[PDB]
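Engineer: Handing you a structure now.
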Amino acid sequence: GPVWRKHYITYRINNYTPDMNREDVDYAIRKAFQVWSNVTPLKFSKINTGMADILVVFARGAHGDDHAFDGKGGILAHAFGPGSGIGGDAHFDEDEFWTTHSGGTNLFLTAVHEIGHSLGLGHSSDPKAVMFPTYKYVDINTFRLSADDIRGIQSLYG
Ligand SMILES: [Ca+2]
Ligand SMILES: [Ca+2]
Ligand SMILES: [Ca+2]
Ligand SMILES: [Zn+2]
Ligand SMILES: [Zn+2]
């Protein structure tokens, strides 16, 4: 599968979920990028204008790619592996209730998983990995990538 062949990667938040404070959206996505650059050579920067490598989108139902969201529950978000255009982009189902904590769906945790996909990771069979397909709330202040997450991103980069 695809990997980014460049070290400086950019993202853009396209729009903001009304479920949270704006600064909290900025912080959650910031923090999620840092999870991955802590273990690879990549550097991530937020730009506010023009074409980003990774476009962060809150949308609901059918939203202009071929992967319709399905209302509350089920599919929480999805992301496209490295490549041009929509390659790299990470979309969050606005029909979920995005939060900074354990109520609704923790944006930070979901973003870590989705940027994993933006960077070219698939899913892990290990329930303990963040790349396990099913969403588990863990304390975000003491969150750490599992061994398997680290082996996986490391074999793509670095
Ligand atoms: Ca893109
Ligand atoms: Ca959903
Ligand atoms: Ca929402
Ligand atoms: Zn989408
Ligand atoms: Zn996934």
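By convention here, the chains of the structure tokens are called A, B, ... in the order presented, each chain's residues are numbered starting at 1, and ligands are numbered starting at 1 in the order presented.
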List every residue of chain A that DSSP, applied to the backbone of this structure, places in strand (DSSP E), and write the result as a list in words.

Structural biologist: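 Everything in chain A that counts as strand (DSSP E) is residues 8, 9, 10, 11, 12, 13, 43, 44, 45, 46, 54, 55, 56, 57, 58, 59, 77, 78, 79, 90, 91, 92, 93, 98, 99, 105 and 106 of chain A.
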
Engineer: Any chance you can output those residues with N, CA, C and O atoms as a CSV table (one decimal), in the first residue's frame?

Structural biologist:
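This is the output file out_5.csv:
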chain,number,residue,atom,x,y,z
A,8,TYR,N,7.4,16.8,5.2
A,8,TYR,CA,6.6,17.8,5.8
A,8,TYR,C,5.2,17.5,5.2
A,8,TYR,O,5.1,17.6,3.9
A,9,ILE,N,4.3,17.2,6.0
A,9,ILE,CA,2.9,16.9,5.7
A,9,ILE,C,2.0,18.0,6.3
A,9,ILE,O,2.3,18.4,7.4
A,10,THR,N,1.0,18.5,5.6
A,10,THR,CA,0.1,19.5,6.0
A,10,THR,C,-1.4,19.0,6.2
A,10,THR,O,-1.8,18.1,5.5
A,11,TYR,N,-2.1,19.6,7.2
A,11,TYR,CA,-3.5,19.3,7.2
A,11,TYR,C,-4.3,20.6,7.3
A,11,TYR,O,-3.7,21.7,7.5
A,12,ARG,N,-5.6,20.5,7.1
A,12,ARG,CA,-6.5,21.6,7.2
A,12,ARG,C,-7.7,21.0,7.8
A,12,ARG,O,-8.2,20.0,7.3
A,13,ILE,N,-8.3,21.8,8.7
A,13,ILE,CA,-9.6,21.5,9.2
A,13,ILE,C,-10.6,22.3,8.2
A,13,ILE,O,-10.7,23.5,8.2
A,43,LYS,N,6.7,15.4,9.9
A,43,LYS,CA,6.3,16.6,10.6
A,43,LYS,C,5.0,17.0,10.0
A,43,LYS,O,4.7,16.9,8.8
A,44,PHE,N,4.0,17.4,10.9
A,44,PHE,CA,2.7,17.8,10.5
A,44,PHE,C,2.4,19.3,10.8
A,44,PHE,O,2.7,19.7,12.0
A,45,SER,N,1.9,20.1,9.9
A,45,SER,CA,1.5,21.5,10.1
A,45,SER,C,0.1,21.8,9.6
A,45,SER,O,-0.4,21.3,8.6
A,46,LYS,N,-0.6,22.7,10.3
A,46,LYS,CA,-1.9,23.0,10.1
A,46,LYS,C,-1.9,24.2,9.2
A,46,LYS,O,-1.1,25.2,9.5
A,54,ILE,N,-3.8,16.3,4.1
A,54,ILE,CA,-4.8,15.6,4.8
A,54,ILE,C,-6.0,16.6,5.1
A,54,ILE,O,-5.8,17.5,5.9
A,55,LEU,N,-7.1,16.5,4.4
A,55,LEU,CA,-8.3,17.4,4.7
A,55,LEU,C,-9.2,16.7,5.7
A,55,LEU,O,-9.7,15.5,5.5
A,56,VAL,N,-9.4,17.4,6.9
A,56,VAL,CA,-10.2,16.9,7.9
A,56,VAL,C,-11.6,17.5,7.7
A,56,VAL,O,-11.8,18.8,7.7
A,57,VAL,N,-12.6,16.7,7.7
A,57,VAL,CA,-14.0,17.0,7.2
A,57,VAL,C,-15.0,16.5,8.2
A,57,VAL,O,-15.0,15.3,8.6
A,58,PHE,N,-15.9,17.3,8.8
A,58,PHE,CA,-17.1,16.7,9.5
A,58,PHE,C,-18.3,16.8,8.4
A,58,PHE,O,-18.6,17.9,7.9
A,59,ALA,N,-18.8,15.6,8.2
A,59,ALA,CA,-20.0,15.4,7.2
A,59,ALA,C,-20.9,14.3,7.7
A,59,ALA,O,-20.6,13.5,8.5
A,77,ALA,N,-16.3,7.3,11.3
A,77,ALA,CA,-15.4,8.1,10.5
A,77,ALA,C,-14.7,7.2,9.5
A,77,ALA,O,-14.7,6.0,9.7
A,78,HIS,N,-14.1,7.8,8.5
A,78,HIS,CA,-13.3,7.1,7.6
A,78,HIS,C,-12.2,8.0,6.9
A,78,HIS,O,-12.4,9.3,7.0
A,79,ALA,N,-11.2,7.4,6.3
A,79,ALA,CA,-10.0,8.1,5.8
A,79,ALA,C,-9.5,7.3,4.6
A,79,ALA,O,-9.7,6.1,4.5
A,90,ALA,N,-9.5,12.7,5.9
A,90,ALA,CA,-10.2,12.0,7.1
A,90,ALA,C,-11.5,12.7,7.3
A,90,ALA,O,-11.5,13.9,7.6
A,91,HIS,N,-12.6,12.0,7.2
A,91,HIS,CA,-14.0,12.4,7.4
A,91,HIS,C,-14.5,11.8,8.6
A,91,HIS,O,-14.4,10.6,8.9
A,92,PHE,N,-15.2,12.7,9.4
A,92,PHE,CA,-15.9,12.3,10.7
A,92,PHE,C,-17.4,12.5,10.5
A,92,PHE,O,-17.8,13.5,10.1
A,93,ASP,N,-18.1,11.4,10.9
A,93,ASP,CA,-19.6,11.4,10.8
A,93,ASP,C,-20.2,12.5,11.8
A,93,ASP,O,-20.2,12.3,13.0
A,98,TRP,N,-19.4,14.3,19.0
A,98,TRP,CA,-18.0,14.4,19.2
A,98,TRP,C,-17.7,15.1,20.5
A,98,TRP,O,-18.4,16.1,20.8
A,99,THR,N,-16.8,14.5,21.4
A,99,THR,CA,-16.4,15.1,22.6
A,99,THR,C,-15.0,15.1,22.9
A,99,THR,O,-14.2,14.3,22.3
A,105,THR,N,-18.5,10.3,21.3
A,105,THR,CA,-17.3,9.7,20.7
A,105,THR,C,-16.1,10.6,20.8
A,105,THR,O,-16.2,11.8,20.4
A,106,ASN,N,-15.1,10.1,21.4
A,106,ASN,CA,-13.9,10.9,21.7
A,106,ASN,C,-13.2,11.2,20.3
A,106,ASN,O,-12.8,10.3,19.6

Engineer: Neighbours of residue 26 of chain A within 12 Å (only C-alpha atoms; same-chain residues fewer than 4 positions away dropped), as a PyMOL selection string?

Structural biologist: chain A and resi 11-17+20-22+30-33+45-48+56+100+107-108+111

Engineer: Which chain A residues have any atom within 9 Å of an atom of ligand 1, and for each, what is the nearest pair of atoms with distance in Å to one decimal, counting only C-alpha atoms and all ligand atoms, rows sorted by chain and number, as a tab-separated table?

Structural biologist:
residue	atom	partner	partner_atom_place_in_ligand_line	distance
A:11	CA	ligand 1	1 (Ca)	8.4
A:51	CA	ligand 1	1 (Ca)	7.5
A:52	CA	ligand 1	1 (Ca)	6.0
A:53	CA	ligand 1	1 (Ca)	4.1
A:54	CA	ligand 1	1 (Ca)	4.6
A:55	CA	ligand 1	1 (Ca)	5.6
A:80	CA	ligand 1	1 (Ca)	8.3
A:82	CA	ligand 1	1 (Ca)	7.8
A:83	CA	ligand 1	1 (Ca)	6.9
A:84	CA	ligand 1	1 (Ca)	5.6
A:85	CA	ligand 1	1 (Ca)	4.6
A:86	CA	ligand 1	1 (Ca)	4.3
A:87	CA	ligand 1	1 (Ca)	4.6
A:88	CA	ligand 1	1 (Ca)	4.7
A:89	CA	ligand 1	1 (Ca)	5.0
A:90	CA	ligand 1	1 (Ca)	8.7
A:118	CA	ligand 1	1 (Ca)	8.8

Engineer: Go ahead and write the residues just picked, C-alpha atoms, as a compact mmCIF listing (two decimals), in the first residue's frame.

Structural biologist:
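And here's selection_14.txt as it stands now:
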# COMPACT_ATOMS: atom_id res chain seq x y z
CA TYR A 11 -3.47 19.32 7.25
CA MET A 51 -4.85 22.47 -0.61
CA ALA A 52 -3.76 20.37 2.41
CA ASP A 53 -2.39 16.83 2.17
CA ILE A 54 -4.83 15.62 4.80
CA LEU A 55 -8.29 17.36 4.69
CA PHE A 80 -8.21 7.57 2.52
CA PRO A 82 -1.80 8.39 0.98
CA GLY A 83 -2.18 9.89 -2.49
CA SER A 84 -3.31 12.96 -4.33
CA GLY A 85 -6.72 14.66 -4.14
CA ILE A 86 -8.85 12.87 -1.54
CA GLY A 87 -5.88 10.61 -0.71
CA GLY A 88 -5.10 11.27 2.95
CA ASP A 89 -8.42 12.90 3.80
CA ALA A 90 -10.17 12.03 7.05
CA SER A 118 -4.27 8.72 6.25

Engineer: Measuring between only C-alpha atoms and all ligand atoms, which one of A:133, A:104, A:127, A:158 shows the shortest distance to ligand 3?

Structural biologist: A:104

Engineer: For ligand 3, collect every residue having any atom at a distance of at most 7 Å from a ligand atom (counting only C-alpha atoms and all ligand atoms); output as JSON, numbers by chain.

Structural biologist: {"A": [17, 18, 19, 94, 95, 96, 97, 98]}

Engineer: Next, the residues of the selection above should be written as a short mmCIF file (atom, residue, chain, number, x, y, z; two decimals), in the first residue's frame with C-alpha atoms.

Structural biologist:
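Done, and the output landed in part-v9.cif:
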data_model
loop_
_atom_site.label_atom_id
_atom_site.label_comp_id
_atom_site.auth_asym_id
_atom_site.auth_seq_id
_atom_site.Cartn_x
_atom_site.Cartn_y
_atom_site.Cartn_z
CA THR A 17 -18.45 20.06 14.44
CA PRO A 18 -20.90 22.09 16.46
CA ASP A 19 -20.65 19.33 19.15
CA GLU A 94 -21.29 14.60 12.07
CA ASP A 95 -24.17 12.29 13.15
CA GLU A 96 -21.97 11.16 16.01
CA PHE A 97 -21.59 13.34 19.16
CA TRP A 98 -17.97 14.41 19.20
#

Engineer: Can you tell me which residues sit at most 6 Å away from ligand 2, counting only C-alpha atoms and all ligand atoms, written as a ChimeraX atom specification?

Structural biologist: /A:69-76,93,95-96

Engineer: Give the answer as one residue: which of A:147, A:119, A:62, A:109 has the shortest atom-to-atom distance to ligand 4, using only C-alpha atoms and all ligand atoms?

Structural biologist: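 Under the stated criterion, the closest residue is A:62.
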